[PDB]
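Chains, contacts and geometry: an overview
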Amino acid sequence: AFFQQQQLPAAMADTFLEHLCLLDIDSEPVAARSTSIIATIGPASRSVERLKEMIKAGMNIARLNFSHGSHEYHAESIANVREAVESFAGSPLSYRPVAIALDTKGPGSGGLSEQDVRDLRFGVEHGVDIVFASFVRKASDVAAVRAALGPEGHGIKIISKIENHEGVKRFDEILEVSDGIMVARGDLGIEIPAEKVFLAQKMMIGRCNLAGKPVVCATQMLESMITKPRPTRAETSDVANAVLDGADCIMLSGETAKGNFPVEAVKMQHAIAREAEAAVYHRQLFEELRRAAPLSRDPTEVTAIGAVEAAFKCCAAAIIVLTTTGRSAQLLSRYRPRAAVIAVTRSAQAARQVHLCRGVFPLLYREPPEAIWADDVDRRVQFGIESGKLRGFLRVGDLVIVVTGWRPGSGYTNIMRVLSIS
Amino acid sequence: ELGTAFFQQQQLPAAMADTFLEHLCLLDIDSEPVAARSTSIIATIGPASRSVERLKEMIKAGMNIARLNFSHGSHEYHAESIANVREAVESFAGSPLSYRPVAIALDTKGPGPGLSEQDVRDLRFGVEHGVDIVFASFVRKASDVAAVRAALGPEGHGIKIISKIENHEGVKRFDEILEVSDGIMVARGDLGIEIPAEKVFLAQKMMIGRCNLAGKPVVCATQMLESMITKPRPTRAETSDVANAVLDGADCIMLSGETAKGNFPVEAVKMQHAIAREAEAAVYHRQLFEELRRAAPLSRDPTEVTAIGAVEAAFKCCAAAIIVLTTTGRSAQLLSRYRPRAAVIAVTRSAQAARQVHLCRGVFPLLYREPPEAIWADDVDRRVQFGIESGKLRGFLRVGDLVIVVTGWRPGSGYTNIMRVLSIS
Amino acid sequence: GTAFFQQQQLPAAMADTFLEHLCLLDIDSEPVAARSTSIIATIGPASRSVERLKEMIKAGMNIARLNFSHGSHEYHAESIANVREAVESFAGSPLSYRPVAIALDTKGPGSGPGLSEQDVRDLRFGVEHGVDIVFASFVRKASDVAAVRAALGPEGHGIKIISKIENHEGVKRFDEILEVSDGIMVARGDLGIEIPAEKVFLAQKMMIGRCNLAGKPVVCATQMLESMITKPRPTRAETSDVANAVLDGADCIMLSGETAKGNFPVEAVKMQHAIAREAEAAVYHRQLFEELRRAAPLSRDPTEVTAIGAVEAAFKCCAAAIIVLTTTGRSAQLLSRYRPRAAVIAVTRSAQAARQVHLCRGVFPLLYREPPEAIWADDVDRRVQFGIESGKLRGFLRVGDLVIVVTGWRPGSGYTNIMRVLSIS
Amino acid sequence: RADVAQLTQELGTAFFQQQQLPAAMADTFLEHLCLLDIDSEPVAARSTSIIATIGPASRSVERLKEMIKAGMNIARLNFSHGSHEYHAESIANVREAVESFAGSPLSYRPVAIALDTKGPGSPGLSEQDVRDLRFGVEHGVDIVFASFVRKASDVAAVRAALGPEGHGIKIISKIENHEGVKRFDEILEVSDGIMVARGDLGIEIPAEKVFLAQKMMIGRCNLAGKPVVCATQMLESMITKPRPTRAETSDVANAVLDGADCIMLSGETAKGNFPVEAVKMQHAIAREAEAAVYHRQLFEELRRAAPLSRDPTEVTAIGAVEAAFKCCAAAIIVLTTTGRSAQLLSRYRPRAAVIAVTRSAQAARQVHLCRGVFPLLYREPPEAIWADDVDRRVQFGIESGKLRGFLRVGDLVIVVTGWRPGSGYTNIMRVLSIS
Ligand SMILES: O=C(O)C[C@@](O)(CC(=O)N1CCN(S(=O)(=O)c2cc3c(c(O)c2O)C(=O)c2ccccc2C3=O)CC1)C(=O)O
Ligand SMILES: O=C(O)C[C@@](O)(CC(=O)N1CCN(S(=O)(=O)c2cc3c(c(O)c2O)C(=O)c2ccccc2C3=O)CC1)C(=O)O
Ligand SMILES: O=C(O)C[C@@](O)(CC(=O)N1CCN(S(=O)(=O)c2cc3c(c(O)c2O)C(=O)c2ccccc2C3=O)CC1)C(=O)O
Ligand SMILES: O=P(O)(O)OC[C@H]1O[C@](O)(COP(=O)(O)O)[C@@H](O)[C@@H]1O
Ligand SMILES: O=P(O)(O)OC[C@H]1O[C@](O)(COP(=O)(O)O)[C@@H](O)[C@@H]1O
Ligand SMILES: O=P(O)(O)OC[C@H]1O[C@](O)(COP(=O)(O)O)[C@@H](O)[C@@H]1O
Ligand SMILES: O=P(O)(O)OC[C@H]1O[C@](O)(COP(=O)(O)O)[C@@H](O)[C@@H]1O
Ligand SMILES: O=C([O-])C(=O)[O-]
Ligand SMILES: O=C([O-])C(=O)[O-]
Ligand SMILES: O=C([O-])C(=O)[O-]
Ligand SMILES: O=C([O-])C(=O)[O-]
Ligand SMILES: [K+]
Ligand SMILES: [K+]
Ligand SMILES: [K+]
Ligand SMILES: [K+]
Ligand SMILES: [Mg+2]
Ligand SMILES: [Mg+2]
Ligand SMILES: [Mg+2]
Ligand SMILES: [Mg+2]
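How each quantity is defined
Residues numbered from 1 in each chain as written, not as in the entry; some residues may be left out. Chains lettered and ligands numbered in written order. Heavy atoms only, no water. Buried < 20%, exposed > 50% of the residue type's maximum accessible area, 1.4 Å probe, protein only. Helix = DSSP H or I, 4+ residues; strand = E, 2+ residues; numbered from the N terminus. Pairing = 2+ DSSP bridges. Right-handed = clockwise from strand over helix to strand, strands pointing away. Donors = N, O, S within 2.8 Å, 3.2 Å for Na, K, Ca; no water. Salt bridge = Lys/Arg side-chain N within 4 Å of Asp/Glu carboxyl O. Axes fitted to C-alpha atoms, helices over the stretch in contact; angles between N-to-C directions. Contact = heavy atoms within 4.5 Å. Domains from an automatic or database assignment. Buried area = accessible area lost by both parts, 1.4 Å probe. Polar contact = N/O pair within 3.5 Å; in protein donor to acceptor, adjacent residues only side chain to side chain.

As stated in the entry header, the method of structure determination is X-ray crystallography and the reported resolution is 1.9640 Å.

As a further point, take the pairing of strand β5 (residues 160-165) of chain B. Residue and element names in this part refer to chain B. With 5 of 6 residues buried, β5 is to be regarded as a mostly interior element. For strand β4 (residues 133-136) and β5, the ladder comprises 4 bridges, and the chain directions are parallel. In the strand pairing of β5, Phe 135 is matched with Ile 162. As a crossover connection, the stretch from β4 through helix α6 (residues 142-151) into β5 is right-handed. By the bridge criterion, 4 bridges tie β5 to strand β6 (residues 183-187) in an arrangement that is parallel.

Looking at the magnesium ion (ligand 17), the protein donor atoms are B:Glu166 (OE) and B:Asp190 (OD), and they sit 2.0 to 2.1 Å from it. Residue B:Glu166 is located in the loop between β5 and α7 (168-172), and its partner B:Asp190 is located in helix α9 (residues 188-194); the two are separated by 24 residues in the primary sequence.

One pass over the full model with this rule turns up 120 salt bridges over all chains. Between B:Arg383 and B:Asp379 there is a salt bridge whose closest N-O contact spans 3.0 Å. Here B:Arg383 pairs with B:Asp379, and both are found in helix α18 (residues 376-394), just 4 residues apart, close to one helical turn. Overall, the relative accessible area of 3% leaves B:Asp379 in the buried class. Taken together, the shared-partner salt bridges connect A:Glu287, A:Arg290, A:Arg291, A:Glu309, D:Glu300, D:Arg303 and D:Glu322 into one network.

Judged by pairing direction, the sheet is mixed, and its 10 strands sit side by side in the order β11(B)-β10(B)-β9(B)-β12(B)-β13(B)-β13(C)-β12(C)-β9(C)-β10(C)-β11(C) without closing on themselves. Each edge of the open sheet carries a strand with a single partner, namely β11 (363-367) of chain B together with β11 (363-367) of chain C. Across this sheet, the average inter-strand angle for adjacent strands is 20°, counted without regard to direction. Note: strand β9 (residues 321-325) of chain B against strand β12 (residues 402-408) of chain B, 4 bridges, orientation parallel. Bridge pairing links B:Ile323 to B:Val405 in β12(B). Helix α15 (residues 302-317) of chain B contacts β9, β12 and β13 (416-423) of chain B together with β12 (402-408) and β13 (416-423) of chain C of the sheet and is inclined by roughly 20° relative to β13(B).

A word on the domain arrangement of chain A. All names here are of chain A. The assigned domain composition of chain A is domain 1 (33-277) and domain 2 (282-420). Taking only C-alpha atoms, the centre of domain 1 and the centre of domain 2 are 25 Å apart. The interface of domain 1 with domain 2 comprises 33 residues on the first partner and 24 residues on the second. Carbon and sulfur atoms make up 53% of the area that domain 1 and domain 2 hide from each other, which totals about 2400 Å². At the boundary of domain 1 with domain 2, the tally comes to 2 salt bridges. In this structure, the salt-bridge partner of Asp 129 is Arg 352, at a minimum N-O distance of 2.8 Å. Across the domain 1-domain 2 interface, the total number found is 15 residue pairs in polar contact. Those elements giving two or more residues to the side of domain 1 that touches domain 2 turn out to be β2 (59-65), β5 (157-162) and α10 (197-211). Here the side of domain 1 that touches domain 2 gets 3 residues from one element, more than from any other, and that element is α10.

Structure representation (structure tokens):
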């Protein structure tokens, strides 16, 4: 029965063609949904009660579009998101972190606009986790956004939105200085011929997967759900294909900001992403990611590939990783393991931001610290196991891969262990 | 000899990549498509696209197959639409650069247990009106196809039956249905109501993959450009859906309400044409050909053996086209199953085969009407040169190009066994 | 039949990985195909008699090597005459006649910077006596090959120059030497003294791989069955060395003292024949063909394009043979570079080309002696029928087999462009 | 180039020109062959073990010290010749020559002692074999090369004749005839490893078919993760000549490229005029051939073919080998009691040396059967705290590694350990930087 679920017959195929031939509508997804859902918060999804339903439906990142509303309006939305999120902190083995992303208005006819400088300052003051920088055309646009975030906003992730021909042509220099990319198909579909957007999307997703950096697929994914309770056949296909292309995140704009079915749109993206993640041909994907990833003498990078290889060898239910900044979880995520990457962190901000990396399930550690650092690490690993059991990721008898470091502090990941559950 | 400019067009840098991941990384929005659009467009003919003048614009925009949905209208209404399609098609017989065969497909209302009374009458209407294809609704098992086949009376055994898979049973019994059908339609409208909407993409990818492996045509249908029923431009999900159907391996893409009743029928055809051309150049032929080769069983049929040799030869020299002589369309279909990048120019005397080969990706039919030469080898050479001169006229070929020419050793269908490499003079 | 698929290591041939291919090799799976790696036998006192040379031709000797490091011009002229007498003794039965090449192996440069004056005289003797191949000793750079070519003069333009790589400089300048040579000999005797003995296998494997990639003949030479100079059976290392030279991709394997001066010249030829047949069936064609195709550049030469199409067609149907008409041997060489499992039966009127194509693995030359038919197409057909009749007599073909036939569109060399699938009747 | 650019800037272009690294990075086997370079020098320690037959030409303690220095890892005693007294004296001389270097862990070299049986002659285990096997147990031999194994019951008979005191002895079944080849799978299943005995095999089956049997058995042993020895006439002419033939060097190189864990010398060391030179020649060829292995395809094929495993030692071994390839690790240091954790690393054919730290003198000798395993015998008494004892053993491996030239400051090493004492609990992989 285990080998009939999660498209495992299609996963064992010797060619991509045979893998497609073996895809089965009766093979149910079992693994947790790996692709994060970004929901735009607006009039239809602002209330605390509505936000609780959206968190339960699967929203991982709340996007505030600074092209609309005001600072007062967006601060109220942020407060409602935080109130809805913290309303679940009662059960420590089930709490779900939710990131807050600020999407800028953009430069318009002009460097960094004066409104963007003020909105970026608002983001820093309100503790946003991510900035989706509109109309990034070159590396210097990213540097300007980074400067406007100042010294207090050093830890904020900058996801550059590629929205025009110049951004596509200068993609490599933009990706080099950004934390990640957003394929902003709305403007891209007006800036370049509409029939070429899929080439830009597939190229950028492939290059971000190669670089090990997050990539978001955005705009009109479930557009008809703004007024209708069910999406079109093209819309479900678009969501599934963004996941199969390799997108770390999928986004909802008007579907959640102003539409009549915000919760249903999140549930639809969740249901499609789960099905599409099981349909990924890991045999080819892992081999290609492995071959293309450069040789490295960084112990975190070396441990990450060893851990992902070990996870595939035993059909590991999860890879539990201890991380301060999210980096060790990101390096595991770049190899696209089928095993969930359960990231146990004390940083509330890192827990929110690792939603940008596919297959990373953040757990915020809130238990008393042990006197012995070796015993503290073991408590954090046991926390990951207990949360995993409660959430359905793990069961007694499962094998897990545990990734830890040799000394406290960020940058010292170097250990992989094979653990049997209970 | 060819030039660096040649190797920058039609996603040739992405085509040379050693992995699928590197192929995606090399896709370039500035690399322009050069080859003719190979995925056929099926347009549903209804009130918005019924007039002879509108049909001429749809043919110019790229419509290859006219679909008549017998779930709506009447026999009289559909006969008038068929007459208008044939009048619009024959209005271009005076210009070789514009004349294009257009197939006529009848889409049945559907089943009750067996074949419905109305379907028996509509299938009889199809035979009497000389339709080329039947899109059989709600095919659930092999016996449903046999019933449709039996209904195509004594005169319609040459009509292609494309079985529409619209529910759980059709998906589960897919292999037995494909075995007795000429092809498959992934009918996503009903499929998305019969099975969970989030599972339709799995059924689509599986059926397209299995049809590609069997060498049989597969149509992707329903809501591909849905918003274009009321809007002049499609959504980002819609253009992606059309491109991904082509990348999945679909031989045909379809328009339903977009052309039957919408405000932008011609624009919807133009949009499918533009997207399919871009998507066909983005196909990773290096892996596709290797996998089609490895999965296809060994064959002692000369047509099949010649077809793989011709496709291998075409890739080796970047041949502008593979010109094939065919009476039934079968030799062109066997070339199409290996997904050559070279256009398959099929020269035929059969007007029906010319219309029907639109079901096979990359087949460009040329109907030949010259009287037969007394010496067969001369009649063969005349048809080969007709394909080259039509190719030159349409932009497929230029002097100095290499073409692969597929023929047989004796007249009559079923004897293809020769592949030749010709330099265009 | 199931019996067909158990022979010639076909279970190992279908394996999905090289490791599984090795695991499926079966000592009970008998070789069926004709031996495709040519055997070069050095002529000396143990192999000079006309009667002994007839036994060596029957055992499998394809090329007779004359070693100009020993004996006078008078001795080599008698060797040539004896070889020709033994070869022409079988000319009375044209369907079974086996051409045998005569290769001249030069003394070399010695302490000098390039072409010696003895080499100049010996090379002129070769042209005057009609040698087919020169094995140029101690080639260190491209200018050494040009000097050999100049010493052959205007009458020796058709002689093949196989450069012997025997020292460090030759290995380091390999690419420039291969570019101007017709092929290479891995001369392991001197190579094993010029470079560390434990490195010779790396030089052998590298040069064989680069010659396979270039589509040029490579010979593996020296001490392959050394112990058979005095013993009737070889050592375990010797049989392994011959099998591994074939698995590496060598077109030819050589015997030196084993046939020139040893006690078992005929047995040494029979042993190389038996090993080579076993090793050729053990070649993992699935990976080899895929790698040869991926590495071979795109080509606009119709002979090369037809050759890859013909090899692809032959693999698709398990063709017993590829029958090719050739004037210079070039069309057969271009088929051979893709390493088909099907035997390449080359029909030619050129006695020299028939001898020289032995340098290419899997090419079986047939010398056609009939004068040309008045109708060119009939002359082509008669030559194809001669290939079929010789093939049936020799065991290559049977009624019911499929063969691929490669011909051209006009008389004269350079116009191969047609591939055809023929059923043997 | 992009997959090696940062590491090329760090380690240098000179590093990437040695040990056939340009051929190792090739995308196809054909391009890998085209990139093999006679100027690319081997750097890694020789990983294929050399089995030398001990006889009249190689029996003296002084000669044996030269053979150990030349590279002999396993001393074979052929019970088809000599007597119990003769073989006991050879064993004592091997042990005296081996223990003469026991003054330091950076000079000590464990050497296994293998007993090769006479065989059954004309069906069951012969009476002479029962006595010779009893001699082996009494003299503490590490391995038995069982002659003419034809079926699984032949290896059970050898195991029974070894008795309750010889349970730890490795049984390597010699495949010497058609029946042994045909019943190979059942024989490998119950044996510790295999020997392709080409001498008898070349007389029992057609000589032109021996290479098929050799390549098939080596491939199946590689797939099973069990040791395979290539034997007989590898350097035959070196019995009387100081240099081998071109076919002989090719045969040794091709046995290593085929996947043999061990290569053997018979008359070359037992009775020949150049025993030390024959060992040196096998050492030099094996080092060149190991660097020429196309690891990219080999590792991918070993992974595709190996079934999924829920054994933590197996899971840790593949993770450690993957990690070693990612950073061009100089070594994988593994703690082992029986040799099993080192054997599971060896089955994935890492380019990194597997330095196996063990307290078992017998396991240190027996791991020579596994390609790429370098045994270090740890002699210190156990620390009070087990975690400290583990750390001391890992540091012993690092210090021996530095002293012997396997490791340098700045190198990355992979360290493989377990969660509790005792055999069977390996489950940890660590990446350590050498300081
Ligand atoms: O800036 C650009 O480059 C272009 C553009 O303005 C395009 C545009 O006009 N759009 C229409 C509005 N939608 S929306 O329905 O998703 C949407 C609507 C609203 C808000 C959004 O954040 C939002 O994203 C509010 O914040 C919001 C706040 C207060 C009251 C109402 C709302 C609200 O109606 C997005 C697309 C854009 O922004 O891309
Ligand atoms: O049969 C089924 O199982 C379900 C269904 O009936 C579903 C359905 O009701 N649909 C609404 C109509 N569209 S349509 O806009 O594409 C479309 C509309 C019309 C016609 C169509 O052929 C047609 O396909 C006429 O022939 C037509 C003829 C005469 C007057 C008007 C029209 C016309 O308005 C298709 C979807 C179907 O058929 O799938
Ligand atoms: O029974 C078999 O399986 C067949 C066979 O006996 C074949 C055979 O006869 N051989 C000849 C002898 N060689 S040998 O030169 O390597 C060699 C020679 C001698 C010894 C060997 O162990 C030995 O291996 C002594 O122990 C030895 C001890 C005391 C005095 C002299 C010697 C000595 O001359 C091996 C091959 C075999 O064993 O395969
Ligand atoms: O992923 P990051 O940011 O590098 O953090 C990983 C770090 O987490 C640890 O596992 C635990 O560190 P802390 O005790 O500081 O939480 C370190 O050993 C390791 O260096
Ligand atoms: O694809 P089909 O229907 O088998 O037709 C292929 C046939 O066409 C030809 O090339 C030409 O035949 P005709 O002259 O009868 O048209 C035949 O030699 C070959 O058998
Ligand atoms: O292999 P080559 O030397 O190019 O010769 C091939 C030539 O042989 C032919 O098949 C027959 O030519 P001939 O009639 O002159 O022998 C030509 O059509 C073709 O060009
Ligand atoms: O390879 P083996 O035979 O399983 O031995 C590995 C064992 O060695 C250890 O690393 C150390 O064990 P000891 O302390 O008993 O020597 C164990 O944790 C592990 O189980
Ligand atoms: O801003 C966006 O999200 C877009 O344009 O797609
Ligand atoms: O009938 C159709 O076309 C459908 O259901 O999608
Ligand atoms: O010249 C040769 O043949 C040699 O050196 O091997
Ligand atoms: O017994 C042996 O070692 C042999 O036959 O090779
Ligand atoms: K915005
Ligand atoms: K219908
Ligand atoms: K010579
Ligand atoms: K013995
Ligand atoms: Mg935008
Ligand atoms: Mg329907
Ligand atoms: Mg020489
Ligand atoms: Mg023996």
